[PDB]
Every structure is written in structure tokens, then in C-alpha cells.
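Here are the chains, one letter per residue:
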Amino acid sequence: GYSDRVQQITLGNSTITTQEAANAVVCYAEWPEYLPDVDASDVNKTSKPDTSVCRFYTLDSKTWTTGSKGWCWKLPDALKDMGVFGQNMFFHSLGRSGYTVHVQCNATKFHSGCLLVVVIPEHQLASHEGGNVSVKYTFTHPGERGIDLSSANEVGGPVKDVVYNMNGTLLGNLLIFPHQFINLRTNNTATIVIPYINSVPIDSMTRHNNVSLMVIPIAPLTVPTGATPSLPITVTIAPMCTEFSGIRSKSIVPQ
Amino acid sequence: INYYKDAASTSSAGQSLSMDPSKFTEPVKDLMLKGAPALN
Amino acid sequence: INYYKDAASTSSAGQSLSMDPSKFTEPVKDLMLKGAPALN
Amino acid sequence: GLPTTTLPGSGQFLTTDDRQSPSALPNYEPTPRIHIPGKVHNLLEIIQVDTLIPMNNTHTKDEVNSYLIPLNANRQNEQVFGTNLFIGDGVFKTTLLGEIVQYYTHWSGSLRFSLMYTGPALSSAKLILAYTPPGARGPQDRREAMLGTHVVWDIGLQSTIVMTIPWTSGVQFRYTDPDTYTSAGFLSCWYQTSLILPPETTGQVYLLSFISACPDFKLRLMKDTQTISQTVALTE
Amino acid sequence: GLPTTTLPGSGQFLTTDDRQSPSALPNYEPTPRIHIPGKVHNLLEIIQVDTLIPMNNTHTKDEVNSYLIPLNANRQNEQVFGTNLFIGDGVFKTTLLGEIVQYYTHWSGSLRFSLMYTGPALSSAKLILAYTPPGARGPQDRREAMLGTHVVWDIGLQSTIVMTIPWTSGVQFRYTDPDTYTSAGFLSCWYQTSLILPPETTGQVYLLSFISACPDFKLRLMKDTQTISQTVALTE
Amino acid sequence: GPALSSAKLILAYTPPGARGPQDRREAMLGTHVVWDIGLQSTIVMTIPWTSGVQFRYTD
Amino acid sequence: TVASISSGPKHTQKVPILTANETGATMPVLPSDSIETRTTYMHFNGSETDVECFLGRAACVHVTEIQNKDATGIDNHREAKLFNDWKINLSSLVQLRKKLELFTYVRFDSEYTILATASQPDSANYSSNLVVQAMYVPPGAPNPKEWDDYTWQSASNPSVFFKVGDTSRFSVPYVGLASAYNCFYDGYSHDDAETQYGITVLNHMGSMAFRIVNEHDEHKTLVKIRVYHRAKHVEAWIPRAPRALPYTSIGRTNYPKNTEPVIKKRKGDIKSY
Ligand SMILES: Cc1cc(CCCOc2c(Cl)cc(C3=NCCO3)cc2Cl)on1
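Residues numbered from 1 in each chain as written, not as in the entry; some residues may be left out. Chains lettered and ligands numbered in written order. Part of a larger assembly, values for the part shown. Heavy atoms only, no water.

Structure determination for this PDB entry was carried out by X-ray crystallography, with a resolution of 3.0 Å recorded in the header.

Following this line, the structure appears as C-alpha cells:
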């Protein structure tokens, strides 16, 4: 009586149940694991807070309306302030982590709409100015708020044009990245497990984000007659196999 | 025959002949069998 | 393959892979053990 | 001194030849490799992942909406969409498949075309997808369409339908840039019965459509893509 | 006559290639080697010998005094010295380590920083040395400093203290010429308790400081040093 | 609720030492379960024994 | 190898063509799951789509130019093209760029070919024979200020001397800092509020400098340098969506404003053929 459909994920002191899942994706078919010695470089023993950092943090909720263009969060940024995960983050020189991402959106059998939930490794954004204008730090570190693709261009911020993925590629091809759809008629959640993907064994958690999670409405939300025209979307994310190394004074970052 | 000492100096590599699209085409956690229902 | 008769005409030598810094880093007459006191 | 003779071609530089060269950095030791998920070995590995087709091309500036094929409730017998199968041009051209095919001169193989339905769960519909092999015109009505490769799709719990365009061909390779002799057919879709919405519901519903290549597929003779060009060198 | 084809690069002179050549002096017999103490095989052998760092760089013309870090009796909580760790520049630059690092583009490894105390034997002191890994600012007070790599040094019979800056890094190599992404941290030193001089004694005492590389160390991709140049050829 | 409705609730247990949470952000950092309302009508949350002292007074 | 097996009529409870794309998988459906097929063999291996093959041919990565002329009274050799450089990068030209950016991280050895041809746009009695000198100034190395500096001595810097009209060739090991070259980098050098963004901060591997060894003749001679790059021993990870809009800068993803629709509009209906 197991269905692909019902699932439970327990991680730390927190549990999620979905009764309307559509399997789960594990990026590149690899599950998060700690850093092996053969791959290690820094000689420091690392710190593995385990259950105090590897639990589920639910970010603040978004509201899908008929005019929504899509939202974008960066990792580990989105979690920069969650509990002890965040403290560890500002206090060590280097850290490394994988995540379980669970995006939630329920409706009824009269609604229609379909969101794309995708994880993009190394999502370098484009400046809407063109040329070689850079995208300032603050703009690519929105924190739990994430970036709202239907917000206005700002100065020093990225471009927010959806059919170009914020980088000069077409929305249609985002499907080459680990992703899952939430089609109100099928699905009510999306779950993706992200292994740590980098060109170095461990890195800085503040100067470099290693994935952007993106939720994009593709088939517009259509509510039943005289229904309220909107649904909330909630994102809950859990660091998994986290390791921190090179402890010290506590980083100070712009803004 | 390599005439040179360093590995960078050798010619192109030879075909992976690796080929396994499943990391890209089927990264699902619970295995899906073709023919069985997608969602049970 | 050497094409030439004299030794000077051969290519560069190949790595010493000798490496022993102690003549430079520890030329002391009575041996010092790390962890034992320097001056007894 | 060993006697030699040099042949025609001596001194030429062929950008495609593969030979040994002296290393400028004798004895240098590269950084160790660490493990990174995701290694690609063949472009054939990636063109099997499906991506969305902007089938609804009828707009005037690129929009998320050209990925949506609309469906109308209560129409009978009528046609949902049509396209030829020049995978290197037209709707296909910006898709990952289209985009890679363009790096090669010839392609052969089967294509997989699937449609995922997004209408309310309490609605229902039966569509027919038809592949018309080279030699006939794009079908003009379902009767015409239904006499070639087709699948009656019944919209249900299982949200997507995967149609295969089996390789139908005299010549074993076709050119990726559209060519007549080498042309592959048409793909059309019609209401088999009709879309029906539940009460309290209204308007258009949309289908999303994807394209990817079957394991069947072959691409050969690499060349340059018409999809990218430039007028002055870029700088930092 | 055997048929050949010559490739691109024929006739070039690459200063780094290693091939055979005819000897101009056929059959000449070199002088026998005799034994000489001191043979060097790797530059890695010599950068492990420690040499003095002109830490006290604050003078205006080079002087023996910039090797001396002064210490003041009776100060509490305060800071003895500070420096970043760009081994290819600044204090490090003229040291043997600094001087060799400059022949290579990349370095990786642990550094050994030691301090030898020279104050009267009847004095006493406790200092803290702190290494701050990349990512934070140079510490501004001991509280800040003590939260990173540190050693409380107790001045005693044993005159020197050897602090190691363990390799703390994401990227496995850093550039020897100062670069941000690639930067290595800061090194600071503060009074842990304070220097105390015996009676009949007065003034400043000094610490000498050395730097050498741990056996850990790697240097790669040789290049030319900014440390030497010229405007006309020399003559006899 | 009617069978054709849907809902997702979070239940949170806050162990001794902090105040009753004032908003979900605060609540979600302690023991919690996201409940998805479905066919399966009930959700069972456990308040695991979190305690220094091994007994508590009932009054 | 069979490309298609033989398959006949089906009337089952086992439907391989109905799936749920919401899952993120592309189910491996074949012609034989939905029509009746006959056996056929592949006759093909997929050799020429190997990434080593795809990135393994020489591409032009840079065109620069230097001239041989009397430097007498020139206050800025660099500025007179008495010698030029090219702060090494493979993002300049877009032909090879798009290909590379199909992946996120890439690791390979490089083989460079350098073609140099001369031009004599104004009245010369003859064509002189010049010898070019290409030296790679690793970052943190004395940068040539003049055209006959002490730097050109390049006693520790790999340098090659070839004739104009001829070609120079060699290869370089993968000189990346990390385990692989970052095709993209969503980060900064450090936690600053004004520091640049991208890879342009990661890809700082010095520059190459060219110059003509020969002194000056009575006329002036323009020498134009073309650098070709061939990847050998390629390794690529994490495929990405291909580049759709035009490029504007080395190292940023930025596209131009008021660009044109990249998807071709139908001449007709959705229903059109
Ligand atoms: C990506 C990417 C790849 C590279 C190449 C690195 C620089 O490589 C060279 C080296 Cl190590 C030496 C020489 C050289 N030595 C003698 C003549 O040229 C030229 C180059 Cl491009 O830069 N970005």
C-alpha cells in the first residue's frame, strides 16, 4: 500500500509528511555524503553539529497569484539566519552541505496551475544593465526573502526576466537541471535532495552560493469560479551532512 | 609512442565509451519501472 | 634513444627525488628529539 | 643522418588533427581531481533528457506563454496544433535537442514527443496525436491524420503521454538544417472526443509539450551552429 | 628515403623544451667530481630552514632594527604586532621563504612562524599568538584574536616558540602574488599577562621572529621574480 | 473538513526554556511535523520526553 | 547492437506510454512500445559526440597585433603596439565559448597554435623576416614595460620564438587552481559590497605577451597574431541550458537590453505546418 504518493522525511527533530508527492529527485543521482580524506585539503578537523543543523527550516511563505513571475532563493544564503546553522556559517572560515528541499502548494480538484521547481548549480546571474555591469553582493544575497522575479529592476541588482533564467538561457531548457513540477491536478509538493557540488572540496559559505532553488509558475494559476484568486507556496529546506571548518572570529558581511 | 615526457603533451584522449544518461534522465529516488503506473 | 655519442649531448636529467633537508635544518652535533626539552 | 622526403601538406595547420606537442611547463603538477556529481561523457547522454518546446510560437516577443498549448472545452473533431518535423528549425530550434542537433550535420533515430496535461483534476479529455511520414501533406482533418502513426491519449491520473516518432526513412540519415529530400513528416493533434470542464470552472486549460531523443539516435559530422555569432571580440 | 610530413611548430625555439644536441667538444673529458659538503637537490629542501623576518618594517631605511619586535614591561591586554599573510609581499618578501615563493606562481602548505625571546633571564612574560583564517578581519583585540588558531606562549628556559599556520583553505592552491580570493588570513600577537623585568633592569626587550615552510608545502608553475631587474647589460 | 478541501498545518513542540512561540518562524525551530491533510485523516505528533530532571510534578 | 527489436500487436494492462512528467524523469520509451517494429541494428557508436571530440579541435581564441617600427621617441611601447599582450581568457570569442558553457566545470590540457602573418600596408621595398617572441608572464611576474626590457630575458618564464608566417605550437597542462575550471561562478572574491561578481575574479591566470625580436627596417610592418586553442584530455561536469541571447562581456552572463525575440514566430497559426 506504499504509494509513490505518500512520504515521510524525518531529519533531526523535524518531520514532514506529504500525502500527494510525485516521487523525489536526487540530483545527478547522488545523495549528500561527508568529505572524504582522499579529497581533503585543509588540515583542520571539521565540526559536524549533526542534528542541531540538519533539521528542516521553513522559510516565510510566498503568494502565487495570476500575475506571479517566479521566485529565486540561493543556498546557503536562504538559511544564513536559521538557528545554529546560521551561527556556524558566520563563525567558520569554510563549511560544506547538501540539502533536502521540500516545496509545498495545495489547492483543490477544481484549480489548475503548474510550477517548475528546479535546482541550478552555480547560477551566475546577469546584470539588467548589459555590458559588464556587475550584480552587487546584497542583490545576490536576498536571505530568506529570496528574489522576486516580478519585482522591479533595481540598480546593481540582477535582471528578473523569466524566459531567460536570469542569465541568457531559455526557460524551456531548465529541465536539463534536477527538477520536479507541482501540477495542482497531480502533485502538491516537490522534493529534491542536493548533494554538495563544487570544484573545491569545501568553500566559503558567504562569498559563494552553490545552488539557486527556483520556483516558477509555468501554467498560470486558475482558480474555480469566485474562488480567491491566489494560493500560498511554502519552501522548507534542511541542511544535510553539514560540516564546518576553520573556526574563528565571525564574519562581517556587507549590508 | 610518446616522444615527450609530460602527460599534457600527449594527443587527444580516446572515447569514453562510458555513456550513462540515467543520472540526467532518471534521478528519481524510488525507481520507476516502464509499464508500471507512474503514481501508485 | 641517444642519437649522439657524448654525454653532454643528452637531454635534461630526471628528478633527484633525493631530498634531505637535515644537512640544512638540523646540523646539530647532539641529536635533538622533538618533544624532549631543547636544553637539558 | 637518416634520409627523408617531405610530402604535400608539410607545415599545414589543420584545426582537427591530433598530435603530440612539447609541454611549456615541464614538470608541473596539476591539482588533484576531487569527485563532482554530474559528469557528462557524450552529448548523446544529454539529448535524452526532455525539455519543453515553445510550440505556441504565435507571440510577438519571447514569452512564457509560447510554451503553453491551449485547449478549448466542448470543441469536437477539431485540431489542437500542427508543426513539421525540421528538428533544426522552427519550434524545435531552441530546445536542448534542437540546440545540439545544430552542432552536427546529419541525424538519424527516433524522437520522443510527450504532452503533460495541466487542467483541473475533475475535467477529462481524449486527444489523438498523429505522426505523418514524409510523402503526404500535413493532415487537414483527423480522418486524414488518423491513417498514419497515432496514439489516442486518455487524460487521466497519469498526467503525461509519450508519443514516439519512429524513424521512418528511405535514406539512413537526414540533414539537421531543413532539406526537402531529407524531410521527416508532420506532427498534428486533434480532439478525439473533447475537453470537458467540471462545474464552477472555466476557460482554457493548457498542455505542456516536451522533446527528447530515443536511445536509437545518431548525430554525425560536427559543424558550427547558426545559433551564435558576434561582431567584435568581447572584453572584460 | 622515408616519407615524412612536418607539423605546425617546426623550427620553433621553446626555452622550456628538453632535447638532445650535438656536442661541440667531441670526446672531451670533464674534471673528476670530488666530494663537497652541502649538495642541494630541491628548493623544497632549503625553504624549511628558518630565517628572520623584518617584522618591524616601520623604519625608513633598511636597518638591523626592523628585525627586532619590541616588548614593553607592564602593559596588559595590548597588541604586540600584526601582519597579513601574503608570503610573497610585505614583511615576508625578503625572507628566504618569501624570496623563493616568488619564483613560483602557486603555493599550498603549512608555514612555521616562531619567536625567540631575548630579554634578561630574570624577567618573565606570557604572550598569545593568533592565526585568523581567511574570511574575518585582522583581529582588533585579544578577545577577537583568541577565537581562532592561537598558542599561549610562556617565556621560559626554552627560548623559542614555534607556531604553525595550518593550511586552512577551500581552494587547494593560493597565488604567491597577493590575491583576494586566494588570501590566507592574518597573524597577530598580544600580551596574555604581561612582560615583567627584574629589578635593576630597564627598557624594551625584543623578540626575534623566523619563518620557514612545513614539510607539507608545495610550490608550482615557475616564473620570473619581481625581485630583480636591470637596465643595461653588466660588463667586467 | 469536506473531502474536496486541502490544507497543510505545522504542529510544533517547544521544549522548556523558551517562550510559547510567537510566529511560525519561531515555532518551526523546535520539534515539529508538517501535516498534509489527505486520505489519512489523523496525524499523530509525539512530544518526546525532553528533560534534565527525570520526573516532573503533575501539579 | 539492436536499434529496434521486432515487436507485434499489444492489448495489455501494462502501458509504458502513460507517465507522470511531474516526477522529473524522462522515461525511456521506444518506438516498439507504441507501434509494431522489425529488427534493425545501430551500425553506430556515438564516437563523434564524445566530449573529448566535441571540445578537441582547435578554435580561434584571440587575434591581436603588434608592429615593428622605430621606437625612437615612443613614450609608451605598449601603446604603440611595439608589443601587446592578452590577459589570457577563453571568453573573448563566442564560438568556442558557447560550446564550453554547455557545462559548469571543465578540466583539460590546452594545446595552443599561434599563427602570425605580416602586412605592409604602405610602400615597402620588401617583406622583412621577423621573429616573434611569445612569453607568458605568470601573475606576480615583472610585466614588460618596453620591447627590449630585461623581462624579455624570460629566464624562468616559458617563451617561444618563431618566424612570422610560420606557426608555433605547444601544450600546457591544466593550470587551474581548483580541481576544474569554473565555467560559472555565483560568488565573489570576498564579502565586499562593491567587489565584482562572476568568474572574471576566479580566472586570473596572468597574460601572454608578444613582440618582434628584430629591430626596425626602413618601412613599418604590421604583424597580426592569432591564437588557437584545442582542449585535450577533457572532463566536463553538470550540463546546463545552452546560451540563447548574445554575449556582452568576458566572464559575465549579461545579455544586451532590447535584444530580439530568440524564438522564431510562426508565419500562421499554432495549427500551421
Ligand atoms: C580557461 C583557461 C585556460 C587558460 C590557459 C592558461 C595559460 O596557459 C599558458 C601557459 Cl601556462 C603558457 C603559455 C606559453 N609559454 C610559452 C609560450 O606560451 C601560454 C599559455 Cl596560454 O587560461 N584560461
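After presenting the structure, the write-up continues.
Asker: It is not clear to me how the overall build of chain A should be interpreted in this structure. Could you clarify?
Answerer: Looking only at helices and strands, one finds 1 helix and 13 strands in chain A. Secondary structure elements of chain A occur, N-terminal to C-terminal, as β-β-β-β-β-β-α-β-β-β-β-β-β-β. In summary, chain A has a C-alpha radius of gyration of 19 Å against a globular reference of 18 Å for 255 residues, a match within 12%. In terms of overall dimensions, chain A has C-alpha extents of about 60 × 55 × 30 Å along its principal axes. Here chain A holds 255 residues, and the buried ones make up 70% of them. Within chain A, residue pairs in contact and separated by at least 24 positions form 80% of the contacts whose partners lie at least 6 positions apart. (Helix = DSSP H or I, 4+ residues; strand = E, 2+ residues; numbered from the N terminus. Rg over C-alpha atoms; globule rule 2.2 N^0.38 Å. Buried < 20%, exposed > 50% of the residue type's maximum accessible area, 1.4 Å probe, protein only. Contact = heavy atoms within 4.5 Å.)

Asker: What exactly am I supposed to notice about the site of the ligand here?
Answerer: Residue and element names in this part refer to chain G. By nearness alone, 14 residues border the ligand, and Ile88, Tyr112, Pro158, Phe170 and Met208 come closest of all. Within the backbone of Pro158, one N or O atom sits 3.3 Å away from a nitrogen atom of the ligand. According to the grid-proximity analysis, the pocket containing the ligand is the largest cavity. At the level of secondary structure, the elements contributing two or more residues to the shell around the ligand comprise β7 (131-137), β8 (159-163) and β9 (167-172). In terms of residue class, the shell around the ligand is made up of 13 nonpolar, 1 polar and no charged. (Near = heavy atom within 4 Å. Polar contact = N/O pair within 3.5 Å; in protein donor to acceptor, adjacent residues only side chain to side chain. 1 Å grid on protein atoms, 1.4 Å probe; cavity = no way out; pocket = protein on both sides within 12 Å on 5 of 7 lines; lining within 4 Å. Sits in = over half its atoms within 2 Å of the grid points. Nonpolar A, V, L, I, M, F, W, Y, C, P; charged D, E, K, R; others polar.)

Asker: Explain the interface of chain D and chain G to me, please; I cannot follow it from the model alone.
Answerer: Think of interface size as the accessible area that goes away when the parts come together; that is how it is often given. Every contact between the two is made by 99 residues of chain D and, on the other side, 79 residues of chain G. The contact between chain D and chain G buries some 7,900 Å² in all, and 59% of this surface belongs to carbon and sulfur atoms. Summed over the shared surface of chain D and chain G, the result is 5 salt bridges. The partner of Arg230 of chain G in a salt bridge is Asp18 of chain D, and the shortest N-O contact between them spans 2.6 Å. For the pair chain D and chain G, the number of links is 46 residue pairs in polar contact. The leading source of residues in the side of chain D that touches chain G is strand β5 (residues 79-84) of chain D, at 6 residues. (Buried area = accessible area lost by both parts, 1.4 Å probe. Salt bridge = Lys/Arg side-chain N within 4 Å of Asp/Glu carboxyl O.)

Asker: Explain the arrangement of the chains here, please?
Answerer: Ranking the 13 pairs of chains in contact by number of contacts places chains D and G first. In this assembly chain E lies apart from chain F, the nearest approach of their C-alpha atoms being 27 Å.

Asker: Would you mind going over the interface of chain F and chain A with me for this structure?
Answerer: The interface of chain F with chain A comprises 20 residues on the first partner and 27 residues on the second. Counting the surface lost from both chain F and chain A, the interface buries some 1,800 Å², and carbon and sulfur atoms represent 43% of this. Considering only the surface of chain F that becomes buried against chain A, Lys8, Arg25 and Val34 of chain F emerge as the three largest contributors, covering 31% of it. Along the contact surface separating chain F from chain A lie 2 salt bridges. Note that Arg24 of chain F is salt-bridged to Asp60 of chain A, the shortest N-O span being 3.6 Å.

Asker: Any chance you could explain a nonpolar patch on the surface here in plain terms?
Answerer: Residue and element names in this part refer to chain C. A surface patch of nonpolar side chains, amounting to about 440 Å² of accessible area, comprises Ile1, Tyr3 and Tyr4. Checked against the element boundaries, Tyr4 lands in the segment before α1 (22-25). Classification of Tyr4 by relative accessible area gives partly exposed; the value is 39%. (Patch = residues over 30% accessible without salt bridge, like charges linked within 9 Å, V, L, I, M, F, W, Y side chains within 5 Å. Areas by Shrake-Rupley, 256 points an atom, 1.4 Å probe, with all protein chains shown as cover.)

Asker: How should the side chain of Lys99 of chain G be read in this particular structure?
Answerer: By the element assignment, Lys99 of chain G lies in helix α2 (residues 94-100). Despite its burial, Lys99 of chain G pairs with no opposite charge; the closest candidate is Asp224 of chain D, at 6.4 Å N-O. In this structure the side chain of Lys99 of chain G is engaged in a polar contact, spanning 2.7 Å, whose partner is the backbone oxygen of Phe54 of chain G. Leaving out residues up to four positions away in the same chain, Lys99 of chain G has contacts with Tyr103 and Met222 of chain D together with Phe54, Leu55 and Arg57 of chain G. (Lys, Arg positive; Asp, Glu negative; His and termini not counted.)

Asker: Would you mind showing me how to read the pattern of salt bridges here?
Answerer: Where charged atoms of side chains with opposite charge meet at close range, the side chains can pair. Scanning the entire structure with this criterion turns up 36 salt bridges over all chains. Of the charged contacts in the structure, one is a salt bridge between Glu235 of chain G and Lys39 of chain D, with a shortest N-O distance of 2.8 Å. One end of the pair, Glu235 of chain G, is in strand β12 (residues 221-239); the other, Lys39 of chain D, is in strand β2 (residues 39-40), on a second chain. Note on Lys39 of chain D: relative accessible area 24%, which makes it partly exposed. The closest approach of N and O atoms between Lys126 of chain E and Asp154 of chain E, which form a salt bridge, is 2.8 Å. Here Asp154 of chain E lies in strand β9 (residues 149-154) and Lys126 of chain E lies in strand β8 (residues 126-132), a separation of 28 residues in the sequence.

Asker: In this structure, what is going on with the sheet that holds β9 of chain E? I would like to understand it.
Answerer: To summarise the sheet geometry, strands pair through backbone hydrogen bonds and adopt either a parallel or an antiparallel arrangement. All names here are of chain E. Strand order across the open sheet formed by 4 strands is β5-β12-β8-β9, with antiparallel pairing between neighbours. Edge strands, defined here as strands with exactly one partner in the open sheet, are β5 (79-84) and β9. Taken pair by pair, the neighbouring strands of this sheet meet at an average axis angle of 10°, ignoring direction. Inspection of the sheet shows β8 paired to strand β12 (residues 186-191) by 6 bridges, in the antiparallel sense. Residue pairing across strands places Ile128 opposite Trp190, the latter belonging to β12. (Pairing = 2+ DSSP bridges. Axes fitted to C-alpha atoms, helices over the stretch in contact; angles between N-to-C directions.)

Asker: Explanation requested: empty space enclosed by the protein in the structure shown.
Answerer: One simple way to see leftover space: roll a probe sized like a water molecule over the atoms. All names here are of chain G. Using the criterion set out here, one finds 16 cavities of 30 Å³ or more in the structure. Taken together, 41 residues line the largest cavity, and the ones lying closest to its centre are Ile88, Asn89, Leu90, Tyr112 and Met205. Contributing elements (two or more residues each) for the lining of the largest cavity: α2, β6 (103-119), β7, β8, β9 and β10 (181-182). When residues in the lining of the largest cavity are grouped by element, the largest group, 4 residues, is from β6. Classifying every residue of the lining of the largest cavity by side-chain character gives 25 nonpolar, 11 polar and 5 charged. (Points joined across faces, edges and corners; volume = space filled by probe spheres on them.)

Asker: Is there a simple way to think about the nonpolar core in this case?
Answerer: Burial of nonpolar side chains together is a common tendency in soluble globular proteins. Core analysis: the largest hydrophobic core is formed by 205 residues, its most contacted members being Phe81, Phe113 and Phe217 of chain D. Residues contacting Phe217 of chain D, with those up to four places away along its chain left out, are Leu44, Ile47, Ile87, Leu97, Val101, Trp107, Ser108, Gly109, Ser110 and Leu111 of chain D together with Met42 of chain G. Among the nonpolar cores identified, the runner-up in size contains 44 residues, and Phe81, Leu111, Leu127 and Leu207 of chain E belong to it. (Core = buried A, V, L, I, M, F, W, Y, C linked by side-chain atoms within 4.5 Å.)

Asker: In this structure, what is going on with the packing of aromatic side chains? I would like to understand it.
Answerer: Note on aromatic pairs: each is described by the distance of the centres and the angle between the planes. By the definition in use, this model includes 21 aromatic pairs over all chains. When the ring of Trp107 of chain E is compared with that of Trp167 of chain E, the centres are 6.0 Å apart and the planes differ by 80°; the resulting orientation is edge-to-face. On the criterion of sequence distance, the pair formed by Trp107 of chain E in strand β6 (residues 104-108) and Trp167 of chain E in the loop between β10 (160-165) and β11 (174-175) is long-range, its members being 60 residues apart. Joined through ring pairs, the aromatic side chains of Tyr137 of chain A together with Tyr188 and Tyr197 of chain G make up one cluster. Just above the ring of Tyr181 of chain E sits the side chain of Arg207 of chain A; from NZ or CZ to the centre is 4.2 Å. Lying across the ring of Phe173 of chain E, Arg220 of chain E places its NZ or CZ 3.5 Å from the centre. (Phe/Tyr/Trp six-rings, centres within 6.5 Å; stacked < 30°, edge-to-face > 60°. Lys NZ or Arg CZ within 6 Å of the ring centre and 35° of its normal.)

Asker: Quick question: what am I supposed to make of the sheet that holds strand β14 (residues 218-222) of chain E here?
Answerer: Across the sheet, which stays open at both edges, the 3 strands sit in the order β11-β6-β14 (chain E) with antiparallel pairing between neighbours. Of all the strands in the sheet, just β11 and β14 of chain E have a single pairing partner and so form its edges.

Asker: Sorry if this is basic, but what is going on with the environment of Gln67 of chain G here?
Answerer: All names here are of chain G. Mapped onto the elements of the fold, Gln67 is located in strand β4 (residues 59-68). For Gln67 and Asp166, which are 99 residues apart along the polypeptide, the C-alpha to C-alpha distance reads 17 Å. At 3.4 Å, the side chain of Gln67 and the side chain of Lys69 are in polar contact.

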